[PDB]
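Okay, start-v2.cif now, which holds mmCIF, C-alpha atoms (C1' of nucleotides) and all ligand atoms; chains and numbers go by the auth columns:
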```
data_coords
#
loop_
_atom_site.group_PDB
_atom_site.id
_atom_site.type_symbol
_atom_site.label_atom_id
_atom_site.label_comp_id
_atom_site.label_asym_id
_atom_site.label_seq_id
_atom_site.Cartn_x
_atom_site.Cartn_y
_atom_site.Cartn_z
_atom_site.B_iso_or_equiv
_atom_site.auth_seq_id
_atom_site.auth_asym_id
ATOM 1 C CA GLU A 1 3.945 214.696 397.672 0.00 1 D
ATOM 2 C CA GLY A 2 6.212 217.420 399.018 0.00 2 D
ATOM 3 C CA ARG A 3 6.108 215.829 402.458 0.00 3 D
ATOM 4 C CA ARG A 4 8.665 213.541 400.841 0.00 4 D
ATOM 5 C CA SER A 5 11.027 216.207 402.187 0.00 5 D
ATOM 6 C CA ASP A 6 10.206 214.919 405.693 0.00 6 D
ATOM 7 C CA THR A 7 10.225 211.257 404.536 0.00 7 D
ATOM 8 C CA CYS A 8 13.061 208.709 404.692 0.00 8 D
ATOM 9 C CA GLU A 9 14.340 207.985 401.169 0.00 9 D
ATOM 10 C CA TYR A 10 15.215 204.386 402.099 0.00 10 D
ATOM 11 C CA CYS A 11 12.086 203.082 403.871 0.00 11 D
ATOM 12 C CA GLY A 12 9.413 205.757 403.429 0.00 12 D
ATOM 13 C CA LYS A 13 9.035 206.598 407.131 0.00 13 D
ATOM 14 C CA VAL A 14 7.530 210.076 407.653 0.00 14 D
ATOM 15 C CA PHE A 15 8.877 212.448 410.326 0.00 15 D
ATOM 16 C CA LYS A 16 7.586 215.656 411.896 0.00 16 D
ATOM 17 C CA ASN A 17 10.971 216.524 413.418 0.00 17 D
ATOM 18 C CA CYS A 18 13.452 216.856 410.531 0.00 18 D
ATOM 19 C CA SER A 19 16.361 216.158 412.887 0.00 19 D
ATOM 20 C CA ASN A 20 14.820 212.785 413.734 0.00 20 D
ATOM 21 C CA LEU A 21 14.934 211.985 410.009 0.00 21 D
ATOM 22 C CA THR A 22 18.618 212.970 409.764 0.00 22 D
ATOM 23 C CA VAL A 23 19.509 210.601 412.601 0.00 23 D
ATOM 24 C CA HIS A 24 17.156 207.839 411.408 0.00 24 D
ATOM 25 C CA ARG A 25 18.647 207.901 407.912 0.00 25 D
ATOM 26 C CA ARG A 26 22.068 207.068 409.355 0.00 26 D
ATOM 27 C CA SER A 27 20.685 203.702 410.432 0.00 27 D
ATOM 28 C CA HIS A 28 20.524 202.970 406.669 0.00 28 D
ATOM 29 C CA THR A 29 23.654 204.754 405.479 0.00 29 D
ATOM 30 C CA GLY A 30 26.049 203.732 408.252 0.00 30 D
ATOM 31 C CA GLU A 31 27.179 207.352 408.687 0.00 31 D
ATOM 32 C CA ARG A 32 28.610 207.925 412.190 0.00 32 D
ATOM 33 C CA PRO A 33 29.834 211.529 412.383 0.00 33 D
ATOM 34 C CA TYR A 34 30.259 211.844 416.177 0.00 34 D
ATOM 35 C CA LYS A 35 33.634 210.390 417.178 0.00 35 D
ATOM 36 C CA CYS A 36 34.919 209.739 420.676 0.00 36 D
ATOM 37 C CA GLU A 37 38.365 211.195 421.299 0.00 37 D
ATOM 38 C CA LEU A 38 39.098 208.646 424.054 0.00 38 D
ATOM 39 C CA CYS A 39 38.401 205.437 422.059 0.00 39 D
ATOM 40 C CA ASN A 40 37.258 204.415 418.594 0.00 40 D
ATOM 41 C CA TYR A 41 33.537 204.673 419.433 0.00 41 D
ATOM 42 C CA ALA A 42 31.568 206.551 416.778 0.00 42 D
ATOM 43 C CA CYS A 43 27.847 207.143 416.592 0.00 43 D
ATOM 44 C CA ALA A 44 25.022 208.667 414.578 0.00 44 D
ATOM 45 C CA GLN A 45 23.659 211.076 417.223 0.00 45 D
ATOM 46 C CA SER A 46 25.368 213.816 419.241 0.00 46 D
ATOM 47 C CA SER A 47 23.728 212.862 422.548 0.00 47 D
ATOM 48 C CA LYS A 48 24.886 209.241 422.197 0.00 48 D
ATOM 49 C CA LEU A 49 28.471 210.497 422.265 0.00 49 D
ATOM 50 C CA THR A 50 27.590 212.505 425.374 0.00 50 D
ATOM 51 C CA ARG A 51 26.141 209.409 427.032 0.00 51 D
ATOM 52 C CA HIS A 52 29.101 207.299 425.899 0.00 52 D
ATOM 53 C CA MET A 53 31.626 209.804 427.272 0.00 53 D
ATOM 54 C CA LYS A 54 30.338 209.115 430.779 0.00 54 D
ATOM 55 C CA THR A 55 31.870 205.621 430.544 0.00 55 D
ATOM 56 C CA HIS A 56 35.329 207.263 430.421 0.00 56 D
ATOM 57 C CA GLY A 57 35.030 208.878 433.833 0.00 57 D
ATOM 58 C CA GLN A 58 32.919 211.147 436.025 0.00 58 D
ATOM 59 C CA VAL A 59 34.114 214.320 437.732 0.00 59 D
ATOM 60 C CA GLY A 60 33.678 213.464 441.405 0.00 60 D
ATOM 61 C CA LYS A 61 34.447 209.751 441.016 0.00 61 D
ATOM 62 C CA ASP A 62 37.599 207.686 440.519 0.00 62 D
ATOM 63 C CA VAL A 63 38.830 206.470 437.138 0.00 63 D
ATOM 64 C CA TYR A 64 40.560 203.234 436.102 0.00 64 D
ATOM 65 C CA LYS A 65 43.113 203.563 433.303 0.00 65 D
ATOM 66 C CA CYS A 66 44.352 200.843 430.991 0.00 66 D
ATOM 67 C CA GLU A 67 48.079 200.513 431.721 0.00 67 D
ATOM 68 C CA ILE A 68 48.777 199.668 428.067 0.00 68 D
ATOM 69 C CA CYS A 69 46.860 202.234 425.991 0.00 69 D
ATOM 70 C CA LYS A 70 46.025 204.761 428.772 0.00 70 D
ATOM 71 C CA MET A 71 42.260 204.623 428.075 0.00 71 D
ATOM 72 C CA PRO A 72 40.223 205.763 431.123 0.00 72 D
ATOM 73 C CA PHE A 73 37.110 204.002 432.410 0.00 73 D
ATOM 74 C CA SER A 74 34.604 204.774 435.114 0.00 74 D
ATOM 75 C CA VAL A 75 33.683 201.081 435.623 0.00 75 D
ATOM 76 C CA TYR A 76 36.319 198.436 436.300 0.00 76 D
ATOM 77 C CA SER A 77 34.346 195.686 434.556 0.00 77 D
ATOM 78 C CA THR A 78 34.251 197.855 431.440 0.00 78 D
ATOM 79 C CA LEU A 79 38.044 198.183 431.581 0.00 79 D
ATOM 80 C CA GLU A 80 38.374 194.403 431.824 0.00 80 D
ATOM 81 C CA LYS A 81 36.120 193.951 428.791 0.00 81 D
ATOM 82 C CA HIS A 82 38.411 196.420 427.016 0.00 82 D
ATOM 83 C CA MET A 83 41.490 194.484 428.183 0.00 83 D
ATOM 84 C CA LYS A 84 40.163 191.242 426.719 0.00 84 D
ATOM 85 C CA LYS A 85 39.068 192.855 423.446 0.00 85 D
ATOM 86 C CA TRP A 86 42.097 195.006 422.682 0.00 86 D
ATOM 87 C CA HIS A 87 45.009 193.421 424.574 0.00 87 D
ATOM 88 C CA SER A 88 44.427 189.673 424.203 0.00 88 D
ATOM 89 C CA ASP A 89 48.188 189.087 424.695 0.00 89 D
ATOM 90 C "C1'" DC B 1 24.780 194.135 435.279 0.00 1 U
ATOM 91 C "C1'" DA B 2 26.862 198.086 431.995 0.00 2 U
ATOM 92 C "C1'" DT B 3 26.255 199.654 427.675 0.00 3 U
ATOM 93 C "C1'" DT B 4 24.275 199.998 423.317 0.00 4 U
ATOM 94 C "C1'" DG B 5 21.226 201.625 418.726 0.00 5 U
ATOM 95 C "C1'" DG B 6 16.908 203.156 417.484 0.00 6 U
ATOM 96 C "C1'" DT B 7 13.144 205.862 418.968 0.00 7 U
ATOM 97 C "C1'" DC B 8 10.450 209.800 420.649 0.00 8 U
ATOM 98 C "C1'" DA B 9 9.174 214.422 421.723 0.00 9 U
ATOM 99 C "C1'" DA B 10 9.482 218.014 425.832 0.00 10 U
ATOM 100 C "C1'" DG B 11 11.276 222.102 426.199 0.00 11 U
ATOM 101 C "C1'" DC B 12 13.620 226.100 424.946 0.00 12 U
ATOM 102 C "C1'" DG B 13 12.704 231.676 424.286 0.00 13 U
ATOM 103 C "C1'" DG C 1 13.729 224.000 414.547 0.00 1 M
ATOM 104 C "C1'" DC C 2 16.810 221.865 417.031 0.00 2 M
ATOM 105 C "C1'" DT C 3 19.204 219.930 420.975 0.00 3 M
ATOM 106 C "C1'" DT C 4 18.870 216.980 424.436 0.00 4 M
ATOM 107 C "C1'" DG C 5 18.185 213.089 427.286 0.00 5 M
ATOM 108 C "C1'" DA C 6 14.753 209.516 428.693 0.00 6 M
ATOM 109 C "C1'" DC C 7 12.655 205.171 427.117 0.00 7 M
ATOM 110 C "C1'" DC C 8 13.059 200.348 425.445 0.00 8 M
ATOM 111 C "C1'" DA C 9 14.769 196.145 423.972 0.00 9 M
ATOM 112 C "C1'" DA C 10 18.997 194.062 422.781 0.00 10 M
ATOM 113 C "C1'" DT C 11 23.959 192.443 423.614 0.00 11 M
ATOM 114 C "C1'" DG C 12 27.734 190.352 426.098 0.00 12 M
HETATM 115 MG MG MG D . 22.645 214.630 426.060 0.00 101 Q
HETATM 116 ZN ZN ZN D . 14.267 204.780 406.806 0.00 102 Q
HETATM 117 ZN ZN ZN D . 35.108 206.526 423.984 0.00 103 Q
HETATM 118 ZN ZN ZN D . 43.969 199.483 426.619 0.00 104 Q
#
```

Take the structure in this file and express it as structure tokens.
Ligand SMILES: [Mg+2]
Ligand SMILES: [Zn+2]
Ligand SMILES: [Zn+2]
Ligand SMILES: [Zn+2]
Amino acid sequence: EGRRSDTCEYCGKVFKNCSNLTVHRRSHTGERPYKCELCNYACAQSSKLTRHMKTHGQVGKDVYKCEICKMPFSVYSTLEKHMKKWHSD
DNA sequence: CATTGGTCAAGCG
DNA sequence: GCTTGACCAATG
């Protein structure tokens, strides 16, 4: 009744924090505006990209790079999952 | 186990 | 008002 402004247009959920509504709505629309520059990860929320970026390497620690596509990883097992997904040959 | 999407709201000035 | 990151349950 005016608070519709703070309400999700797809499921009727009411928010007090308008930014929570913006992010929630993307779970309906599929919009993923935050794009990793180091892989094809994309997400609905700025801080998820920040969290994701930590999987590409930390400052003081060592980094494992895919020999084929040059992608960097902080965790070797995550590189091997990448190897099997993207370089099956 | 590492990593994720959806959620929540403390804290900032 | 908004950014931020912790929480939780889920995935592989
Ligand atoms: Mg953050
Ligand atoms: Zn909704
Ligand atoms: Zn990435
Ligand atoms: Zn690669």

Between D:50, D:40, D:5, D:45, which is the closest to chain U once you count all atoms listed in the file?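 Going through D:50, D:40, D:5, D:45 one by one, the smallest distance to chain U is for D:45.
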
Select the residues contacting ligand MG 101 (chain Q) at a distance of at most 12 Å, based on only C-alpha atoms (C1' of nucleotides) and all ligand atoms, then format the selection as a list in words.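 Taking only C-alpha atoms (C1' of nucleotides) and all ligand atoms into account, the residues around ligand MG 101 (chain Q) at most 12 Å away are residues 45, 46, 47, 48, 49, 50, 51, 52, 53 and 54 of chain D; 3, 4, 5 and 6 of chain M.
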
May I ask you to write as a count of residues only all residues lying at most 7 Å from ligand ZN 102 (chain Q), with all atoms listed in the file counted? 9

To test your reading of the syntax: which residues would the PyMOL selection byres (((not hetatm)) within 12 of (chain Q and resi 104)) return for the file shown? Reply as a ChimeraX atom specification. /D:38-40,64-73,78-89

Work out how far apart CA of residue 32 in chain D and CA of residue 44 in chain D are and give it in Å to one decimal. 4.4 Å

Length of the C1' of residue 6 in chain U to CA of residue 63 in chain D vector [Å]: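 Interatomic distance, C1' of residue 6 in chain U to CA of residue 63 in chain D: 29.6 Å.
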
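Separating atom ZN of ligand ZN 103 (chain Q) from CA of residue 56 in chain D is a distance of 6.5 Å.
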
Once the PyMOL selection byres ((chain U) within 10 of (chain D)) is applied to the coordinates I shared, what remains selected? I want it as JSON, numbers by chain. {"U": [1, 2, 3, 4, 5, 6, 7, 8, 9]}

Using the file's own x, y and z axes, so that the box edges lie along x, y and z, what centre and edge lengths in Å (one decimal) does a box around every listed atom of range 6-9 of chain U get when 4 Å is added on each side? Give it as AutoDock Vina command-line options.
```
--center_x 13.0 --center_y 208.8 --center_z 419.6 --size_x 15.7 --size_y 19.3 --size_z 12.2
```

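Take the candidates D:22, D:7, D:58, D:74 and check each one against chain M using only C-alpha atoms (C1' of nucleotides); the shortest distance goes to D:22.
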
Nearest to ligand ZN 103 (chain Q) by atom-to-atom distance, counting only C-alpha atoms and all ligand atoms, from D:36, D:42, D:59, D:21: D:36

Residue among D:76, D:57, D:62, D:3 lying closest to ligand ZN 103 (chain Q), counting only C-alpha atoms and all ligand atoms: D:57
